[PDB]
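What follows is the content of upload14.pdb (PDB, C-alpha atoms).
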MODEL        1
ATOM      1  CA  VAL A  15       0.000   0.000   0.000
ATOM      2  CA  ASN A  16       2.852   2.456   0.748
ATOM      3  CA  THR A  17       5.051   0.919  -1.940
ATOM      4  CA  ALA A  18       2.850   1.098  -5.025
ATOM      5  CA  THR A  19       4.836   1.952  -8.150
ATOM      6  CA  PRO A  20       2.728   3.892 -10.657
ATOM      7  CA  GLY A  21       2.897   2.086 -13.999
ATOM      8  CA  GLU A  22       3.688  -1.430 -12.766
ATOM      9  CA  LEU A  23       0.401  -2.877 -14.062
ATOM     10  CA  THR A  24       1.295  -2.218 -17.704
ATOM     11  CA  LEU A  25       4.758  -3.593 -16.949
ATOM     12  CA  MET A  26       3.109  -6.721 -15.594
ATOM     13  CA  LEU A  27       1.111  -7.223 -18.794
ATOM     14  CA  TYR A  28       4.325  -6.821 -20.811
ATOM     15  CA  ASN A  29       6.024  -9.492 -18.691
ATOM     16  CA  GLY A  30       2.969 -11.675 -19.087
ATOM     17  CA  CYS A  31       2.859 -11.230 -22.825
ATOM     18  CA  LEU A  32       6.511 -12.240 -23.146
ATOM     19  CA  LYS A  33       6.047 -15.401 -21.083
ATOM     20  CA  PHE A  34       3.044 -16.467 -23.153
ATOM     21  CA  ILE A  35       4.913 -15.878 -26.408
ATOM     22  CA  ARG A  36       7.925 -17.846 -25.117
ATOM     23  CA  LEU A  37       5.660 -20.657 -23.888
ATOM     24  CA  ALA A  38       3.960 -20.608 -27.278
ATOM     25  CA  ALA A  39       7.307 -21.128 -29.019
ATOM     26  CA  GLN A  40       8.022 -24.096 -26.739
ATOM     27  CA  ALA A  41       4.569 -25.516 -27.462
ATOM     28  CA  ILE A  42       5.254 -25.374 -31.201
ATOM     29  CA  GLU A  43       8.744 -26.850 -31.024
ATOM     30  CA  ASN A  44       7.181 -29.719 -29.072
ATOM     31  CA  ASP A  45       4.017 -30.440 -31.079
ATOM     32  CA  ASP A  46       1.695 -29.083 -28.411
ATOM     33  CA  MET A  47      -0.949 -27.278 -30.475
ATOM     34  CA  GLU A  48      -3.512 -26.685 -27.703
ATOM     35  CA  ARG A  49      -0.961 -25.004 -25.471
ATOM     36  CA  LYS A  50       0.350 -22.960 -28.396
ATOM     37  CA  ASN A  51      -3.101 -21.638 -29.208
ATOM     38  CA  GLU A  52      -4.064 -20.799 -25.610
ATOM     39  CA  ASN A  53      -0.847 -18.862 -24.985
ATOM     40  CA  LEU A  54      -1.006 -16.873 -28.239
ATOM     41  CA  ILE A  55      -4.652 -16.086 -27.532
ATOM     42  CA  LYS A  56      -3.530 -14.723 -24.162
ATOM     43  CA  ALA A  57      -0.559 -12.828 -25.616
ATOM     44  CA  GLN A  58      -3.007 -11.375 -28.088
ATOM     45  CA  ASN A  59      -5.387 -10.337 -25.321
ATOM     46  CA  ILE A  60      -2.774  -8.335 -23.498
ATOM     47  CA  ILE A  61      -1.808  -6.462 -26.649
ATOM     48  CA  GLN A  62      -5.467  -5.632 -27.302
ATOM     49  CA  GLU A  63      -5.810  -4.528 -23.663
ATOM     50  CA  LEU A  64      -2.914  -2.113 -24.117
ATOM     51  CA  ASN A  65      -4.162  -1.078 -27.541
ATOM     52  CA  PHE A  66      -7.616  -0.214 -26.217
ATOM     53  CA  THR A  67      -6.315   1.794 -23.277
ATOM     54  CA  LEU A  68      -3.747   3.657 -25.377
ATOM     55  CA  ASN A  69      -6.298   4.754 -27.939
ATOM     56  CA  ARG A  70      -8.943   5.794 -25.439
ATOM     57  CA  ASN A  71      -6.351   7.624 -23.351
ATOM     58  CA  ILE A  72      -5.213   9.608 -26.392
ATOM     59  CA  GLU A  73      -8.820  10.689 -26.968
ATOM     60  CA  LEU A  74      -9.267  11.752 -23.329
ATOM     61  CA  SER A  75      -6.029  13.701 -23.768
ATOM     62  CA  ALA A  76      -4.145  15.827 -21.225
ATOM     63  CA  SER A  77      -7.267  17.357 -19.741
ATOM     64  CA  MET A  78      -8.109  13.925 -18.309
ATOM     65  CA  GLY A  79      -4.625  13.853 -16.836
ATOM     66  CA  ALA A  80      -5.340  17.209 -15.183
ATOM     67  CA  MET A  81      -8.535  15.623 -13.858
ATOM     68  CA  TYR A  82      -6.542  12.816 -12.189
ATOM     69  CA  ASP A  83      -4.106  15.272 -10.597
ATOM     70  CA  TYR A  84      -7.027  17.112  -9.060
ATOM     71  CA  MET A  85      -8.645  13.934  -7.708
ATOM     72  CA  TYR A  86      -5.393  12.656  -6.327
ATOM     73  CA  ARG A  87      -4.821  16.056  -4.685
ATOM     74  CA  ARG A  88      -8.362  16.070  -3.266
ATOM     75  CA  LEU A  89      -8.154  12.554  -1.772
ATOM     76  CA  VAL A  90      -5.003  13.715  -0.009
ATOM     77  CA  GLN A  91      -6.848  16.782   1.238
ATOM     78  CA  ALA A  92      -9.825  14.667   2.301
ATOM     79  CA  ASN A  93      -7.498  12.327   4.167
ATOM     80  CA  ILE A  94      -6.019  15.187   6.183
ATOM     81  CA  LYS A  95      -9.300  16.868   7.050
ATOM     82  CA  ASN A  96     -11.532  13.792   7.358
ATOM     83  CA  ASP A  97     -13.863  15.481   4.899
ATOM     84  CA  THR A  98     -16.346  12.887   3.638
ATOM     85  CA  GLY A  99     -17.557  15.844   1.596
ATOM     86  CA  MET A 100     -14.493  15.794  -0.645
ATOM     87  CA  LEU A 101     -14.760  12.029  -0.992
ATOM     88  CA  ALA A 102     -18.279  12.597  -2.286
ATOM     89  CA  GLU A 103     -17.201  14.994  -5.001
ATOM     90  CA  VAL A 104     -14.312  12.765  -6.091
ATOM     91  CA  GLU A 105     -16.667   9.784  -6.116
ATOM     92  CA  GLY A 106     -18.970  11.741  -8.379
ATOM     93  CA  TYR A 107     -16.171  12.334 -10.878
ATOM     94  CA  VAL A 108     -14.836   8.794 -10.825
ATOM     95  CA  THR A 109     -18.316   7.324 -11.178
ATOM     96  CA  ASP A 110     -18.766   9.134 -14.495
ATOM     97  CA  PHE A 111     -15.320   8.109 -15.713
ATOM     98  CA  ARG A 112     -16.066   4.465 -15.081
ATOM     99  CA  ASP A 113     -19.520   4.479 -16.628
ATOM    100  CA  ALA A 114     -18.028   6.354 -19.573
ATOM    101  CA  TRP A 115     -15.256   3.757 -19.781
ATOM    102  CA  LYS A 116     -17.742   0.892 -19.456
ATOM    103  CA  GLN A 117     -19.596   2.331 -22.452
ATOM    104  CA  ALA A 118     -16.460   2.609 -24.578
ATOM    105  CA  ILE A 119     -16.014  -1.131 -23.870
ATOM    106  CA  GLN A 120     -19.426  -2.518 -24.820
ATOM    107  CA  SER A 121     -19.337  -0.019 -27.692
ATOM    108  CA  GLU A 122     -17.112  -2.569 -29.466
TER     109      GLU A 122
ATOM    110  CA  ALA B  18     -11.698 -11.320 -22.677
ATOM    111  CA  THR B  19     -12.868  -7.760 -23.283
ATOM    112  CA  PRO B  20     -10.286  -5.137 -24.194
ATOM    113  CA  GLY B  21     -10.580  -2.410 -21.560
ATOM    114  CA  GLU B  22     -11.591  -4.523 -18.553
ATOM    115  CA  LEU B  23      -8.487  -3.825 -16.455
ATOM    116  CA  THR B  24      -9.023  -0.063 -16.427
ATOM    117  CA  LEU B  25     -12.691  -0.603 -15.636
ATOM    118  CA  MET B  26     -11.407  -2.770 -12.810
ATOM    119  CA  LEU B  27      -9.126   0.003 -11.527
ATOM    120  CA  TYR B  28     -12.025   2.493 -11.560
ATOM    121  CA  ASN B  29     -14.285   0.107  -9.654
ATOM    122  CA  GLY B  30     -11.491  -0.657  -7.216
ATOM    123  CA  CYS B  31     -10.962   3.075  -6.707
ATOM    124  CA  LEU B  32     -14.651   3.578  -5.951
ATOM    125  CA  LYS B  33     -14.670   0.764  -3.383
ATOM    126  CA  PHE B  34     -11.746   2.240  -1.451
ATOM    127  CA  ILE B  35     -13.240   5.737  -1.585
ATOM    128  CA  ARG B  36     -16.502   4.353  -0.210
ATOM    129  CA  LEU B  37     -14.830   2.373   2.588
ATOM    130  CA  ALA B  38     -12.979   5.559   3.532
ATOM    131  CA  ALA B  39     -16.245   7.459   3.938
ATOM    132  CA  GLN B  40     -17.421   4.618   6.199
ATOM    133  CA  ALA B  41     -14.243   4.749   8.267
ATOM    134  CA  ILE B  42     -14.395   8.516   8.870
ATOM    135  CA  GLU B  43     -17.933   8.239  10.237
ATOM    136  CA  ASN B  44     -16.844   5.446  12.596
ATOM    137  CA  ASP B  45     -13.806   7.526  13.596
ATOM    138  CA  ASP B  46     -11.753   4.685  12.134
ATOM    139  CA  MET B  47      -8.573   6.547  11.162
ATOM    140  CA  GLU B  48      -6.761   3.264  10.564
ATOM    141  CA  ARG B  49      -8.915   2.030   7.690
ATOM    142  CA  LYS B  50      -9.514   5.546   6.378
ATOM    143  CA  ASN B  51      -5.830   6.008   5.612
ATOM    144  CA  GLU B  52      -5.396   2.509   4.221
ATOM    145  CA  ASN B  53      -8.329   2.870   1.787
ATOM    146  CA  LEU B  54      -7.452   6.442   0.835
ATOM    147  CA  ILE B  55      -3.894   5.534  -0.064
ATOM    148  CA  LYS B  56      -5.130   2.601  -2.184
ATOM    149  CA  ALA B  57      -7.558   4.820  -4.075
ATOM    150  CA  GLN B  58      -4.704   7.309  -4.481
ATOM    151  CA  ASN B  59      -2.369   4.614  -5.833
ATOM    152  CA  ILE B  60      -5.031   3.685  -8.340
ATOM    153  CA  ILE B  61      -5.310   7.293  -9.498
ATOM    154  CA  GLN B  62      -1.539   7.544  -9.981
ATOM    155  CA  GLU B  63      -1.643   4.203 -11.809
ATOM    156  CA  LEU B  64      -4.235   5.580 -14.229
ATOM    157  CA  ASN B  65      -2.529   8.965 -14.435
ATOM    158  CA  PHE B  66       0.888   7.543 -15.236
ATOM    159  CA  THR B  67      -0.446   5.221 -17.941
ATOM    160  CA  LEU B  68      -2.442   8.023 -19.541
ATOM    161  CA  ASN B  69       0.541  10.407 -19.639
ATOM    162  CA  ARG B  70       2.815   7.806 -21.214
ATOM    163  CA  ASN B  71       0.212   6.629 -23.749
ATOM    164  CA  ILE B  72      -0.106  10.200 -24.991
ATOM    165  CA  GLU B  73       3.651  10.490 -25.441
ATOM    166  CA  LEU B  74       3.884   7.181 -27.306
ATOM    167  CA  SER B  75       1.153   8.610 -29.548
ATOM    168  CA  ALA B  76      -1.113   6.799 -32.014
ATOM    169  CA  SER B  77       1.929   5.378 -33.804
ATOM    170  CA  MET B  78       2.342   2.880 -30.977
ATOM    171  CA  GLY B  79      -1.248   1.988 -31.816
ATOM    172  CA  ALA B  80      -0.384   0.856 -35.317
ATOM    173  CA  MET B  81       2.426  -1.202 -33.821
ATOM    174  CA  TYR B  82      -0.013  -2.939 -31.479
ATOM    175  CA  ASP B  83      -2.204  -3.870 -34.456
ATOM    176  CA  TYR B  84       0.710  -5.240 -36.422
ATOM    177  CA  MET B  85       1.974  -7.290 -33.489
ATOM    178  CA  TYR B  86      -1.532  -8.640 -32.983
ATOM    179  CA  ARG B  87      -1.643  -9.689 -36.656
ATOM    180  CA  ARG B  88       1.832 -11.225 -36.554
ATOM    181  CA  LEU B  89       0.815 -13.384 -33.590
ATOM    182  CA  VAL B  90      -2.369 -14.540 -35.349
ATOM    183  CA  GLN B  91      -0.236 -15.281 -38.398
ATOM    184  CA  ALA B  92       2.443 -17.046 -36.335
ATOM    185  CA  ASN B  93      -0.252 -19.207 -34.747
ATOM    186  CA  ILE B  94      -1.522 -20.308 -38.151
ATOM    187  CA  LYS B  95       1.978 -20.904 -39.546
ATOM    188  CA  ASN B  96       3.453 -22.558 -36.450
ATOM    189  CA  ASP B  97       6.315 -20.136 -37.062
ATOM    190  CA  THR B  98       8.673 -19.444 -34.136
ATOM    191  CA  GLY B  99      10.591 -16.887 -36.137
ATOM    192  CA  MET B 100       7.564 -14.595 -36.117
ATOM    193  CA  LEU B 101       7.069 -15.147 -32.410
ATOM    194  CA  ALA B 102      10.705 -14.143 -31.862
ATOM    195  CA  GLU B 103      10.096 -11.017 -33.893
ATOM    196  CA  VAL B 104       7.144  -9.914 -31.755
ATOM    197  CA  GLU B 105       9.078 -10.946 -28.655
ATOM    198  CA  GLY B 106      11.773  -8.485 -29.642
ATOM    199  CA  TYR B 107       9.336  -5.591 -29.946
ATOM    200  CA  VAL B 108       7.628  -6.350 -26.626
ATOM    201  CA  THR B 109      11.005  -6.586 -24.906
ATOM    202  CA  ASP B 110      11.944  -3.134 -26.216
ATOM    203  CA  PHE B 111       8.615  -1.627 -25.215
ATOM    204  CA  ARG B 112       8.882  -3.230 -21.795
ATOM    205  CA  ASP B 113      12.409  -1.906 -21.213
ATOM    206  CA  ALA B 114      11.426   1.616 -22.281
ATOM    207  CA  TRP B 115       8.496   1.386 -19.879
ATOM    208  CA  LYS B 116      10.669  -0.069 -17.139
ATOM    209  CA  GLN B 117      12.736   3.100 -17.671
ATOM    210  CA  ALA B 118       9.850   5.584 -17.685
ATOM    211  CA  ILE B 119       8.797   4.233 -14.281
TER     212      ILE B 119
ENDMDL
END

Produce structure tokens that represent the structure in this file.
Amino acid sequence: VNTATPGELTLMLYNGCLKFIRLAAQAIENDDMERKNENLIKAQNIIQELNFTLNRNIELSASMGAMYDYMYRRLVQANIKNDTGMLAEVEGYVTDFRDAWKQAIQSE
Amino acid sequence: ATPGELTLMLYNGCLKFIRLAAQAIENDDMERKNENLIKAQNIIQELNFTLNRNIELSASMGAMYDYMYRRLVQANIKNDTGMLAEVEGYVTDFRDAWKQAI
């Protein structure tokens, strides 16, 4: 909780993608078709996960980044003043981001 | 699998922790308030970092993701490990560059 490294999740997908590709190569060299297909399907899923997020993030642009900064800043300010009020406003913003993101998902 | 799930997951996680924090404050539970508020904060930085990088990589990285996707599909059909190695090289480069950004 105090040691979170911003950006590690994408890193994790990258590491996952590489393992699946490598496992896929081993599956082929050893006549294991089922394990080759499953791993490539998974390697493919990570790429599409990154692809989706990249594209949507480019559309949201820097103003969305300014939005995050604010929220982060507010949660810190709500944590120092025990202001459930500020948690309510931040919750209102995040709720719309999620619903909006949920849409962008189904929308394909 | 649904492309986009993981971010949806982060948003939902972030809402849970924000909500548990509101609960803690009312119960004068400073312990859990801090815990949950830091988690929600970590999620925001996680989303903020990714967004900032993705905008720097630009849409060109997007075309590269499509190609890689197609090469994998092709490599699966051809049982070609040379193609896998190719993609593996790109992903390793992108992962290192990201490991640096962090």

Can you give me, as a VMD selection string, the residues this file yields under the PyMOL selection byres ((chain B and resi 25) around 10)? (chain A and resid 111 to 116 119) or (chain B and resid 20 to 24 26 to 31)

Please evaluate the PyMOL selection byres ((chain A) within 8 of (chain B)) against the displayed coordinates and give the resulting residues as a PyMOL selection string. chain A and resi 15-16+18-25+28-29+31-32+35-36+39+42+50-51+54+58-59+61-69+71-72+75-76+79+82-83+85-86+89-90+93+96+98+101+105+108-109+111-112+115-116+119

re atom CA of residue B:103 and atom CA of residue A:27: distance 18.0 Å

At what distance in Å, to one decimal, does atom CA of residue A:103 lie from atom CA of residue B:49? 19.9 Å

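Across the model, the gap from atom CA of residue A:40 to atom CA of residue A:53 is 10.4 Å.
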